[PDB]
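A.B. asks: Starting off with a structure, shown below.
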Amino acid sequence: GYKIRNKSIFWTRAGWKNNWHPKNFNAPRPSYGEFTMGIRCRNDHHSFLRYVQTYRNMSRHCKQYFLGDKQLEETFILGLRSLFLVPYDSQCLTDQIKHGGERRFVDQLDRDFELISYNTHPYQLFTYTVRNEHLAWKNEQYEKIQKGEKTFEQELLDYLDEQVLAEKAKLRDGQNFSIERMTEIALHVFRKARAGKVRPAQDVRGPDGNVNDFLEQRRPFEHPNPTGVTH
Amino acid sequence: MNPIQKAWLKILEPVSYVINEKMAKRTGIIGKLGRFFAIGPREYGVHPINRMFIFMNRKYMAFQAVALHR
Amino acid sequence: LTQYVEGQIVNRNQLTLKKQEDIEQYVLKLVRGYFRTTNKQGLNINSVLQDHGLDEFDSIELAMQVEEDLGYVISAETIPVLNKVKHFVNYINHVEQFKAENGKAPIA
Amino acid sequence: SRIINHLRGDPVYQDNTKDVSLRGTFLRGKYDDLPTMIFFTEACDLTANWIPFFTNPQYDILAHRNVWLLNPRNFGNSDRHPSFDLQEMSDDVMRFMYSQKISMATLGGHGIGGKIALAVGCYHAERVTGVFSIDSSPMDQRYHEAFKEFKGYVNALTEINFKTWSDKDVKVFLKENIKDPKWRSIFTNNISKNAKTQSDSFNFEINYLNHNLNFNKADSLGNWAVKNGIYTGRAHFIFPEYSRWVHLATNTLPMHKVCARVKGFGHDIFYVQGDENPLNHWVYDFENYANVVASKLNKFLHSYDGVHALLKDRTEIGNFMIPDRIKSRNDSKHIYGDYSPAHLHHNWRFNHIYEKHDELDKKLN
Amino acid sequence: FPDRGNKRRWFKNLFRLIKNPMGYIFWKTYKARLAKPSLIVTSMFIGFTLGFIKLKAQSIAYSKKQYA
Amino acid sequence: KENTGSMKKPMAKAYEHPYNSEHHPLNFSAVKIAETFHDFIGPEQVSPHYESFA
Amino acid sequence: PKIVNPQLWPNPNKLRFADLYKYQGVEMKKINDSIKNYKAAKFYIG
Ligand SMILES: CCCCCCCCCCCCCCCCCC(=O)OC[C@H](COP(=O)([O-])OCC(O)COP(=O)([O-])OC[C@@H](COC(=O)CCCCCCCCCCCCCCCCC)OC(=O)CCCCCCCCCCCCCCCCC)OC(=O)CCCCCCCCCCCCCCCCC
Ligand SMILES: CCCCCCCCCCCCCCCCCC(=O)OC[C@H](COP(=O)([O-])OCC(O)COP(=O)([O-])OC[C@@H](COC(=O)CCCCCCCCCCCCCCCCC)OC(=O)CCCCCCCCCCCCCCCCC)OC(=O)CCCCCCCCCCCCCCCCC
Ligand SMILES: CCCCCCCCCCCCCCCCCC(=O)OC[C@H](COP(=O)([O-])OCC(O)COP(=O)([O-])OC[C@@H](COC(=O)CCCCCCCCCCCCCCCCC)OC(=O)CCCCCCCCCCCCCCCCC)OC(=O)CCCCCCCCCCCCCCCCC
Ligand SMILES: CCCCCCCCCCCCCCCCCC(=O)OC[C@H](COP(=O)([O-])OCC(O)COP(=O)([O-])OC[C@@H](COC(=O)CCCCCCCCCCCCCCCCC)OC(=O)CCCCCCCCCCCCCCCCC)OC(=O)CCCCCCCCCCCCCCCCC
Ligand SMILES: CCCCCCCCCCCCCCCCCC(=O)OC[C@H](COP(=O)([O-])OCC(O)COP(=O)([O-])OC[C@@H](COC(=O)CCCCCCCCCCCCCCCCC)OC(=O)CCCCCCCCCCCCCCCCC)OC(=O)CCCCCCCCCCCCCCCCC
Ligand SMILES: COC1=C(OC)C(=O)C(C/C=C(\C)CC/C=C(\C)CC/C=C(\C)CC/C=C(\C)CC/C=C(\C)CC/C=C(\C)CC/C=C(/C)CCC=C(C)C)=C(C)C1=O
């Protein structure tokens, strides 16, 4: 559709696409023992173990609020690894970062853990909201199954299995019911089912099969436009 | 909608009956008068002042967190 | 000593192995319980966790589980050397010997 | 066979501009009931060339609408009349829609076809849902170099006399007089031999066309007159980045000048990223140009075409209420308020869907 | 006939400005504010406007001095 | 055999944070400020007329 | 409280037109979240 035309878009004074060691005037220079009296530096060799304990904490402190949900603990682990694997899989040469990428990332994860220790990290609150909406939908299915009723998900599967039989009973010249064909059949049903939610199926017409719904409508007397004027 | 609007409705329950059931559906100027002063939920009933506070409160509070978190 | 399990509070139980045969069985049951492990039946005492879909971050989750089942306090300096089933077996023994001789748990 | 159905007829020279009938190919849609699309090809250009574009599974345009690849007067198989007035040529479409029982249609065009399509919306807007113009603009193009060449080639074609000239004499004439490969191929395929091999002739009326172009006045097809007015409905324009017909610098302003609802570049006006090549006018040949045109076309048909002006998209149908002007309704005891405008069925006039659904509604109550 | 739909349009816009002036001003000036001038120009506008208001206030005070 | 399948009982609910709500979100972002802003200036004032007011 | 309807026009069906009936509730839902904060602050203010 549209591609960047400038060939020098990824150029920097430090090279092509260099986001690990941008060029600056005060560049790193070596130190010689025989000539060095004293030095003030914060770099150390403790980042590896801090990278290990930070993982153990962020994992164990997040599981406190999972309520033993095993499927959530395993999902969270996959998400936690995606956060720790950024330096190992990125295009950025994390081993060539200015003053040590190891210390940089470890200090960054420590700020995330601090918020995790208080249960205030946006990833935590997002996991709770996402999970509660998921269980409310799973419990709705359970309540309908205990009553012997059919779920809206099973009705689609059964309606799709029979449509496949109808379409392949006429596909005799060929015998390759491709995954492409199986897909467009399901999407066509989805689009009609998707529109059915807002406009349910009253009669044999089916979901969203009434033209009168699209005639001129008006807000109800009990719910007028609260945000602006109407005329 | 808010509790204060619901209080008006309980107090204006008989007034709502006179204007809406009787007047609003008549013809002539009595109907135009009832349909104009019909009682119910407010069209464009939002309060910009209350909405202004909410916006500036949220915008200024995010500034507090940056300035205080040092 | 209680933890949630599928929304229900359950009392946690700790184990005391004090025997070589019981350790090899616990580690395998532990490693086979991890959802990331591949070829669970091909796993033996001389199995490299790397050959079963496990990386450095998975060894931490396994060690974290050893603390839950045994009550140990494993330091971050010891976790990154646990890359084989044999390593968990020997580390568990070294801890039992340390507490049996020194009367205390190793430095965490 | 089934998907491809082109009615067959013979052109008839007409003295009255109202007794003109249009003929073209019809492409049936995948689904039973779909709105119709009427597409006008470039002048002197074949309708068949657009069939693979509208019958490509990758694009899947027929899933949205039935397509009528229609020929304007003096072109192809349609009737012949010396006048090219866009008002007259627009009335021709309205009779076609009537004879074919089409209440309202989506209009499209390529190049000069886009002008013809937009003119119909300007003269008959209540029966046009939208316009989709490809490498065209409602503008005077008489002095564009690309048009001059087309205007020049048509004049050279008037020199050939099929009765005396032999088949080889023609082929040599085209190669030397026509440098553009595509125009050359287009003109060759427009040559046909009538029944009984009486003689060969062009499918399009070469005489009536050359006079329109050579005269080079307001009635010329290159010209866009102020008489055509304004188009009130939905309009989307797509043209190549480097196009000889529509220059991005200034040839976009006519769209705002003629189309009232055109928002501007990036919403209703797009350019396809491409290189400088005089053949970019024919987007259907190059996959890169076509894939973008198709995607934009499917988006226009799915979300924007046949949608009320003040509504953003089709998503807002039934949930967005338009303000009402005071004293706009006959009922005096009417409490004026916001309303969702009525969107009707695409062929509600020639069917009884409203009468049928009214009965079903009563059965519910 | 006239365009009876435009009746009382000035009164109606006045009441909408009173209801929510910042919203009425915001949307009526949106397309114009898309082209924002420089910080210098914006500052000159504010500076000259507030300075004119400051002198207006001093002239109001000098009138109370003439009344006294 | 597939038709004979059943479904296990899922958990009733996950953790509900006692200090985060949809109207008073605990953490800050420009997204929530945008919602409060457009609620203040109101939605786009769409004109039904054929000419501008001025 | 019940609101008197002049019944000059028929109201849209809630099932077919649901979005039209939502704004009222979310508005009170906002106020309830504010009240939870007013009550939780009884000890801090006191
Ligand atoms: C025997 C003794 C008798 C004693 C009694 C004597 C009394 C005689 C009565 C007989 C006179 C009336 C005759 C009947 C008229 C019928 C005509 C008709 O059909 O309707 C036309 C007229 C048409 O209006 P429309 O078609 O609906 O729409 C208007 C347009 O859309 C235009 O609206 P727009 O939105 O587009 O904006 C433009 C508008 C508004 O433009 C403006 O900006 C003007 C705004 C004026 C008001 C504000 C002034 C500013 C100062 C105040 C600030 C307020 C705003 C502040 C905001 C907040 C600030 C922070 O322009 C107008 O001025 C509209 C006026 C209506 C047109 C008439 C021709 C006017 C031309 C002359 C203009 C100059 C006069 C202005 C008079 C005020 C008009 C409202 O409708 C009427 O107004 C009818 C009025 C008749 C009412 C009679 C009621 C009963 C009278 C008796 C009661 C007792 C009186 C006792 C008096 C005692 C002695 C003092
Ligand atoms: C032209 C150049 C020169 C301009 C010079 C300056 C112009 C005047 C400046 C006045 C500024 C005062 C601001 C007051 C606070 C406003 C704060 C606010 O958040 O605004 C929303 C605020 C509404 O928030 P709300 O309280 O939640 O009410 C919403 C409810 O839903 C409402 O429920 P509802 O929808 O059912 O009600 C219908 C609605 C629509 O109906 C109407 O408003 C139309 C008819 C209203 C009557 C005509 C107004 C006459 C003046 C009012 C009385 C004298 C002053 C009172 C003190 C006002 C100052 C607070 O009514 C309203 O909009 C609100 C009520 C209007 C006030 C009426 C009562 C007045 C007495 C106040 C008693 C309480 C205060 C205690 C006394 C204070 C004195 C010690 O608006 C107002 O309340 C009134 C604002 C008036 C502004 C008019 C002019 C604004 C534009 C000036 C442009 C300046 C040029 C520069 C522009 C540059 C552009 C490029
Ligand atoms: C109740 C109290 C009543 C008394 C007070 C009444 C006050 C009424 C004022 C109401 C507002 C004025 C009308 C504005 C219309 C709406 C905005 C607008 O213009 O549309 C945008 C449109 C273009 O702006 P744009 O589309 O955003 O494009 C700009 C680019 O985005 C980016 O920029 P660019 O790169 O393209 O070019 C650089 C930049 C150039 O930089 C500038 O913008 C120049 C402004 C620098 C600051 C000037 C000082 C601030 C003035 C207000 C404070 C007054 C001080 C006290 C006055 C004491 C003496 C009375 O261009 C601009 O951004 C806009 C300049 C266009 C002129 C703006 C309108 C005139 C200035 C405002 C008039 C103020 C009158 C107040 C008193 C009047 C008393 C009768 O402007 C035009 O309408 C074009 C008109 C042609 C303007 C050029 C020729 C003008 C020659 C006459 C000059 C008159 C000077 C008056 C001096 C006053 C006394 C010292
Ligand atoms: C490590 C390296 C250094 C890193 C430093 C870190 C930098 C961090 C940047 C942080 C950015 C903050 C973002 C938030 C603010 C954004 C909002 C904004 O207003 O930006 C303007 C923003 C962007 O404007 P723009 O059109 O894109 O132009 C951008 C630039 O101006 C460019 O325009 P241009 O391309 O046309 O360039 C021409 C330029 C040409 O300038 C020149 O060629 C030379 C300038 C020579 C200045 C000579 C000064 C002489 C002073 C004499 C005074 C003597 C009196 C002293 C009194 C002593 C008493 C004894 O002239 C100007 O642009 C004038 C701009 C005014 C600048 C005022 C500050 C000047 C010094 C700042 C020093 C900061 C340290 C930098 C060190 C770098 C050293 C290498 O304007 C807006 O449109 C937003 C609304 C603004 C409404 C007006 C009211 C705003 C005031 C409130 C703002 C918010 C609170 C205060 C913030 C600070 C404001 C100063
Ligand atoms: C006791 C009796 C006393 C009371 C008596 C009662 C009288 C009460 C007066 C009320 C009058 C009725 C109120 C009607 C609504 C307000 C007036 C209006 O024109 O609204 C429609 C006007 C546009 O009409 P439209 O057709 O509906 O809009 C179509 C498009 O959407 C618009 O955008 P577009 O680009 O798509 O279409 C074209 C657009 C092209 O033109 C424009 O868009 C204008 C460009 C302006 C935006 C450029 C950026 C500058 C704005 C930045 C924001 C700064 C202010 C906020 C920051 C500080 C916070 C306060 O509009 C035009 O066609 C030309 C503009 C209209 C003619 C020029 C009017 C200039 C003055 C208006 C602004 C007032 C300046 C302050 C003066 C007050 C001094 C204190 O709305 C506005 O542009 C802004 C309205 C803000 C007005 C506030 C002042 C209200 C007082 C009105 C009194 C008359 C003006 C006195 C000033 C005299 C200086 C020469
Ligand atoms: C603490 O952290 C902070 C914030 O939160 C993060 C901030 O937002 C901010 C920014 C501040 C804001 C966004 C607030 C902005 C408010 C400003 C500028 C002032 C607002 C002024 C008004 C809205 C006008 C109010 C006018 C009146 C109340 C007078 C009219 C009402 C009258 C006369 C009623 C009588 C009232 C009383 C007797 C008071 C008793 C109280 C009641 C609630 C009784 C109510 C009774 C009834 C019948 C409703 C800061 C600085 C901050 O520090």
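Each chain in the structure tokens gets a letter, A, B, ..., in the order shown, and its residues are numbered from 1; ligands are numbered from 1 in order too.
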Please find the residues contacting ligand 1 at a distance of at most 10 Å between atoms, with only C-alpha atoms and all ligand atoms counted, and report them as a count of residues only.

C.D. replies: 17

A.B. asks: Within 9 Å of ligand 4, counting only C-alpha atoms and all ligand atoms, which protein or nucleic acid residues do you find, written as a list in words?

C.D. replies: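 So, counting only C-alpha atoms and all ligand atoms, the residues near ligand 4 are residues 36, 37, 38, 39, 40, 41, 42, 43, 44 and 46 of chain E.
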
A.B. asks: Distance limit 12 Å, reference ligand 2, atoms considered: only C-alpha atoms and all ligand atoms. Which residues make the cut? Give them as an NGL selection string.

C.D. replies: (:A and (226-229)) or (:B and (1 or 5 or 37 or 41-56)) or (:E and (11-30 or 32-33 or 45-46 or 49)) or (:F and (40-42))

A.B. asks: Quick one: write out the picked residues with N, CA and C atoms as a short mmCIF file (atom, residue, chain, number, x, y, z; two decimals), in the first residue's frame?

C.D. replies:
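Wrote again29.cif, looks like this:
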```cif
data_model
loop_
_atom_site.label_atom_id
_atom_site.label_comp_id
_atom_site.auth_asym_id
_atom_site.auth_seq_id
_atom_site.Cartn_x
_atom_site.Cartn_y
_atom_site.Cartn_z
N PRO A 226 -28.29 12.75 25.49
CA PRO A 226 -27.87 13.52 26.67
C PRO A 226 -26.72 14.45 26.40
N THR A 227 -25.99 14.25 25.31
CA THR A 227 -24.72 14.94 25.09
C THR A 227 -24.85 16.22 24.28
N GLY A 228 -25.89 16.34 23.45
CA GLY A 228 -26.01 17.48 22.57
C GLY A 228 -27.45 17.78 22.23
N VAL A 229 -27.64 18.85 21.46
CA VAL A 229 -28.97 19.24 21.02
C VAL A 229 -29.42 18.34 19.87
N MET B 1 -28.33 10.85 34.02
CA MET B 1 -29.25 10.71 35.18
C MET B 1 -28.47 10.72 36.48
N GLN B 5 -32.02 14.30 39.94
CA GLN B 5 -33.06 14.28 38.91
C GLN B 5 -34.17 13.32 39.28
N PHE B 37 -43.12 21.62 27.33
CA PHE B 37 -42.72 21.46 28.72
C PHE B 37 -42.90 20.02 29.21
N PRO B 41 -36.56 12.61 31.19
CA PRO B 41 -35.11 12.77 31.22
C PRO B 41 -34.64 13.88 30.30
N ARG B 42 -33.52 14.49 30.67
CA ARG B 42 -33.09 15.73 30.06
C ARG B 42 -32.41 15.50 28.72
N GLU B 43 -32.85 16.24 27.71
CA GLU B 43 -32.15 16.33 26.44
C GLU B 43 -31.00 17.33 26.59
N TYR B 44 -29.79 16.87 26.32
CA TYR B 44 -28.59 17.67 26.55
C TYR B 44 -28.47 18.06 28.02
N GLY B 45 -28.77 17.11 28.90
CA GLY B 45 -28.75 17.34 30.32
C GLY B 45 -27.40 17.23 30.97
N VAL B 46 -26.35 16.99 30.19
CA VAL B 46 -25.02 16.89 30.74
C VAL B 46 -24.61 18.23 31.34
N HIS B 47 -23.77 18.18 32.37
CA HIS B 47 -23.27 19.38 33.03
C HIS B 47 -21.81 19.60 32.65
N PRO B 48 -21.50 20.56 31.78
CA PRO B 48 -20.10 20.77 31.38
C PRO B 48 -19.18 21.11 32.53
N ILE B 49 -19.66 21.80 33.56
CA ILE B 49 -18.80 22.16 34.69
C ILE B 49 -18.30 20.90 35.38
N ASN B 50 -19.22 20.00 35.73
CA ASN B 50 -18.82 18.73 36.33
C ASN B 50 -17.86 17.98 35.44
N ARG B 51 -18.11 17.99 34.13
CA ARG B 51 -17.21 17.32 33.20
C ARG B 51 -15.87 18.02 33.10
N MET B 52 -15.85 19.34 33.27
CA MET B 52 -14.60 20.08 33.22
C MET B 52 -13.71 19.72 34.40
N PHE B 53 -14.29 19.65 35.59
CA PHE B 53 -13.52 19.25 36.77
C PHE B 53 -12.91 17.87 36.58
N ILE B 54 -13.70 16.92 36.07
CA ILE B 54 -13.22 15.55 35.90
C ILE B 54 -12.00 15.53 34.99
N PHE B 55 -12.03 16.32 33.92
CA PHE B 55 -10.92 16.35 32.98
C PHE B 55 -9.68 16.97 33.61
N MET B 56 -9.83 18.15 34.22
CA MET B 56 -8.68 18.82 34.81
C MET B 56 -8.16 18.06 36.03
N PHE E 11 -30.70 32.41 17.79
CA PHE E 11 -31.02 32.14 19.19
C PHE E 11 -30.50 30.78 19.63
N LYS E 12 -30.63 29.77 18.77
CA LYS E 12 -30.26 28.41 19.14
C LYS E 12 -28.75 28.27 19.34
N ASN E 13 -27.95 28.88 18.47
CA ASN E 13 -26.51 28.82 18.65
C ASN E 13 -26.07 29.60 19.89
N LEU E 14 -26.79 30.66 20.23
CA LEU E 14 -26.46 31.43 21.42
C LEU E 14 -26.66 30.61 22.69
N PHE E 15 -27.74 29.83 22.75
CA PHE E 15 -28.00 29.00 23.92
C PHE E 15 -27.01 27.85 24.02
N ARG E 16 -26.56 27.31 22.89
CA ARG E 16 -25.56 26.26 22.91
C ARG E 16 -24.21 26.79 23.39
N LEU E 17 -23.87 28.02 23.00
CA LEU E 17 -22.66 28.64 23.51
C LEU E 17 -22.73 28.86 25.01
N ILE E 18 -23.91 29.21 25.52
CA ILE E 18 -24.06 29.40 26.96
C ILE E 18 -24.01 28.06 27.69
N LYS E 19 -24.62 27.03 27.11
CA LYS E 19 -24.61 25.71 27.74
C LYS E 19 -23.19 25.20 27.93
N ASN E 20 -22.39 25.23 26.86
CA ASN E 20 -21.02 24.72 26.90
C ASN E 20 -20.17 25.55 25.96
N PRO E 21 -19.67 26.70 26.43
CA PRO E 21 -18.90 27.57 25.53
C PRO E 21 -17.61 26.94 25.03
N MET E 22 -16.92 26.17 25.87
CA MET E 22 -15.66 25.58 25.44
C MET E 22 -15.87 24.52 24.37
N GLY E 23 -16.96 23.77 24.47
CA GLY E 23 -17.27 22.80 23.43
C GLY E 23 -17.76 23.44 22.15
N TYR E 24 -18.59 24.47 22.26
CA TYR E 24 -19.04 25.19 21.08
C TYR E 24 -17.86 25.86 20.38
N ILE E 25 -16.97 26.48 21.15
CA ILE E 25 -15.81 27.14 20.57
C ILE E 25 -14.84 26.11 20.01
N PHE E 26 -14.66 24.99 20.71
CA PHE E 26 -13.70 23.98 20.27
C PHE E 26 -14.06 23.43 18.89
N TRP E 27 -15.31 23.02 18.71
CA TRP E 27 -15.70 22.37 17.47
C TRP E 27 -15.91 23.36 16.34
N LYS E 28 -16.36 24.58 16.64
CA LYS E 28 -16.49 25.59 15.60
C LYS E 28 -15.15 26.08 15.09
N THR E 29 -14.07 25.86 15.85
CA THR E 29 -12.74 26.30 15.47
C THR E 29 -11.80 25.13 15.19
N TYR E 30 -12.31 23.90 15.11
CA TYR E 30 -11.43 22.75 14.97
C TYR E 30 -10.67 22.78 13.65
N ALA E 32 -10.06 25.19 11.72
CA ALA E 32 -9.16 26.33 11.67
C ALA E 32 -7.92 26.10 12.52
N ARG E 33 -8.08 25.44 13.67
CA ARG E 33 -6.96 25.20 14.57
C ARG E 33 -6.04 24.08 14.11
N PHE E 45 -0.11 36.91 20.45
CA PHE E 45 -1.55 37.02 20.63
C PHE E 45 -1.91 37.17 22.11
N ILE E 46 -1.45 36.22 22.93
CA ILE E 46 -1.78 36.24 24.35
C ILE E 46 -1.22 37.49 25.01
N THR E 49 -3.14 40.61 23.90
CA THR E 49 -4.51 40.58 24.39
C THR E 49 -4.56 40.88 25.88
N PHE F 40 -16.11 16.37 28.10
CA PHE F 40 -16.26 17.77 28.49
C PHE F 40 -16.65 18.64 27.30
N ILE F 41 -15.85 18.60 26.23
CA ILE F 41 -16.19 19.36 25.03
C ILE F 41 -17.38 18.79 24.29
N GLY F 42 -17.82 17.60 24.67
CA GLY F 42 -18.95 16.97 24.04
C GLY F 42 -18.59 16.39 22.69
#
```

A.B. asks: Per DSSP on the backbone, filter region 128-270 of chain D down to the residues in alpha helix (DSSP H) and report them as a PyMOL selection string.

C.D. replies: chain D and resi 145-157+167-177+181-190+206-215+253-258

A.B. asks: Please measure the separation of CA of residue 176 (chain D) and CA of residue 275 (chain D), giving the value in Å to one decimal.

C.D. replies: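 Interatomic distance, CA of residue 176 (chain D) to CA of residue 275 (chain D): 26.7 Å.
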
A.B. asks: Which residues, written as a VMD selection string, have at least one atom at most 12 Å from residue 13 (chain A), with only C-alpha atoms counted and residues fewer than 6 positions away on the same chain left out?

C.D. replies: chain A and resid 19 21 to 25

A.B. asks: Those selected residues, please, written with N, CA and C atoms and delivered as an mmCIF file, in the first residue's frame.

C.D. replies:
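For reference, again18.cif as written:
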```cif
data_model
loop_
_atom_site.group_PDB
_atom_site.id
_atom_site.type_symbol
_atom_site.label_atom_id
_atom_site.label_comp_id
_atom_site.auth_asym_id
_atom_site.auth_seq_id
_atom_site.Cartn_x
_atom_site.Cartn_y
_atom_site.Cartn_z
ATOM 1 N N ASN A 19 20.510 1.707 17.450
ATOM 2 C CA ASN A 19 19.823 2.195 18.636
ATOM 3 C C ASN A 19 20.424 1.607 19.905
ATOM 4 N N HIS A 21 24.179 2.181 20.533
ATOM 5 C CA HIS A 21 25.288 3.068 20.879
ATOM 6 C C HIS A 21 25.230 4.315 20.013
ATOM 7 N N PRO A 22 24.299 5.219 20.301
ATOM 8 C CA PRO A 22 24.256 6.485 19.569
ATOM 9 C C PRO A 22 25.538 7.277 19.761
ATOM 10 N N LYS A 23 25.921 7.999 18.714
ATOM 11 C CA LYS A 23 27.173 8.742 18.719
ATOM 12 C C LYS A 23 27.047 9.977 19.599
ATOM 13 N N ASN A 24 27.946 10.104 20.570
ATOM 14 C CA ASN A 24 27.983 11.262 21.446
ATOM 15 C C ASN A 24 29.434 11.687 21.617
ATOM 16 N N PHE A 25 29.621 12.944 22.015
ATOM 17 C CA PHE A 25 30.966 13.505 22.078
ATOM 18 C C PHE A 25 31.789 12.849 23.178
#
```

A.B. asks: Could you check how far CA of residue 15 (chain C) sits from CA of residue 33 (chain C), in Å to one decimal?

C.D. replies: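 CA of residue 33 (chain C) lies 16.7 Å from CA of residue 15 (chain C).
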
A.B. asks: If you count only C-alpha atoms, which residues fall within 7 Å of region 48-55 of chain A, apart from same-chain ones fewer than 5 positions away, as a ChimeraX atom specification?

C.D. replies: /A:106,110 /C:76-77

A.B. asks: Dump N, CA, C and O atoms for the selected residues as an mmCIF file, in the first residue's frame?

C.D. replies:
```cif
data_model
loop_
_atom_site.group_PDB
_atom_site.id
_atom_site.type_symbol
_atom_site.label_atom_id
_atom_site.label_comp_id
_atom_site.auth_asym_id
_atom_site.auth_seq_id
_atom_site.Cartn_x
_atom_site.Cartn_y
_atom_site.Cartn_z
ATOM 1 N N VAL A 106 18.194 -4.979 33.738
ATOM 2 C CA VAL A 106 17.936 -5.458 35.093
ATOM 3 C C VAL A 106 17.336 -4.346 35.942
ATOM 4 O O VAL A 106 16.361 -4.554 36.672
ATOM 5 N N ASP A 110 13.520 -4.234 37.641
ATOM 6 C CA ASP A 110 13.329 -3.967 39.060
ATOM 7 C C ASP A 110 12.234 -2.937 39.290
ATOM 8 O O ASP A 110 11.506 -3.017 40.285
ATOM 9 N N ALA C 76 19.744 -17.491 44.448
ATOM 10 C CA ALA C 76 19.837 -17.206 43.026
ATOM 11 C C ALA C 76 21.164 -17.646 42.431
ATOM 12 O O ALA C 76 21.259 -17.808 41.210
ATOM 13 N N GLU C 77 22.188 -17.841 43.260
ATOM 14 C CA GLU C 77 23.490 -18.262 42.770
ATOM 15 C C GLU C 77 23.531 -19.743 42.430
ATOM 16 O O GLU C 77 24.418 -20.170 41.684
#
```

A.B. asks: Tell me the residues of chain F close to chain G, meaning within 10 Å using only C-alpha atoms, as a PyMOL selection string.

C.D. replies: chain F and resi 18-24

A.B. asks: Could you write those residues out with N, CA, C and O atoms, as a PDB file, in the first residue's frame?

C.D. replies:
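File produced: result-v6.pdb:
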```
ATOM      1  N   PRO F  18      -9.408  -4.101  44.736  1.00  0.00           N
ATOM      2  CA  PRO F  18     -10.274  -3.196  45.497  1.00  0.00           C
ATOM      3  C   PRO F  18      -9.981  -1.717  45.305  1.00  0.00           C
ATOM      4  O   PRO F  18     -10.595  -0.895  45.990  1.00  0.00           O
ATOM      5  N   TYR F  19      -9.069  -1.355  44.402  1.00  0.00           N
ATOM      6  CA  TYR F  19      -8.702   0.043  44.215  1.00  0.00           C
ATOM      7  C   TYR F  19      -8.555   0.413  42.743  1.00  0.00           C
ATOM      8  O   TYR F  19      -7.895   1.408  42.427  1.00  0.00           O
ATOM      9  N   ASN F  20      -9.147  -0.359  41.838  1.00  0.00           N
ATOM     10  CA  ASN F  20      -9.167  -0.029  40.422  1.00  0.00           C
ATOM     11  C   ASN F  20     -10.593  -0.147  39.916  1.00  0.00           C
ATOM     12  O   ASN F  20     -11.257  -1.163  40.150  1.00  0.00           O
ATOM     13  N   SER F  21     -11.058   0.891  39.232  1.00  0.00           N
ATOM     14  CA  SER F  21     -12.381   0.902  38.636  1.00  0.00           C
ATOM     15  C   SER F  21     -12.280   1.471  37.232  1.00  0.00           C
ATOM     16  O   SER F  21     -11.250   2.014  36.828  1.00  0.00           O
ATOM     17  N   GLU F  22     -13.372   1.336  36.484  1.00  0.00           N
ATOM     18  CA  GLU F  22     -13.392   1.839  35.118  1.00  0.00           C
ATOM     19  C   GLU F  22     -13.461   3.360  35.089  1.00  0.00           C
ATOM     20  O   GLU F  22     -12.880   3.988  34.198  1.00  0.00           O
ATOM     21  N   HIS F  23     -14.152   3.966  36.052  1.00  0.00           N
ATOM     22  CA  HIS F  23     -14.257   5.417  36.123  1.00  0.00           C
ATOM     23  C   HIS F  23     -13.106   6.051  36.886  1.00  0.00           C
ATOM     24  O   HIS F  23     -12.690   7.165  36.551  1.00  0.00           O
ATOM     25  N   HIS F  24     -12.584   5.372  37.908  1.00  0.00           N
ATOM     26  CA  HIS F  24     -11.426   5.831  38.670  1.00  0.00           C
ATOM     27  C   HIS F  24     -10.293   4.827  38.488  1.00  0.00           C
ATOM     28  O   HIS F  24      -9.950   4.085  39.418  1.00  0.00           O
TER      29      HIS F  24
END
```

A.B. asks: Return the neighbours of chain D among the residues of chain A, cut-off 12 Å, counting only C-alpha atoms, as a PyMOL selection string.

C.D. replies: chain A and resi 1-5+180-181+184+188+195+198-199+201-205+209-221+223-231
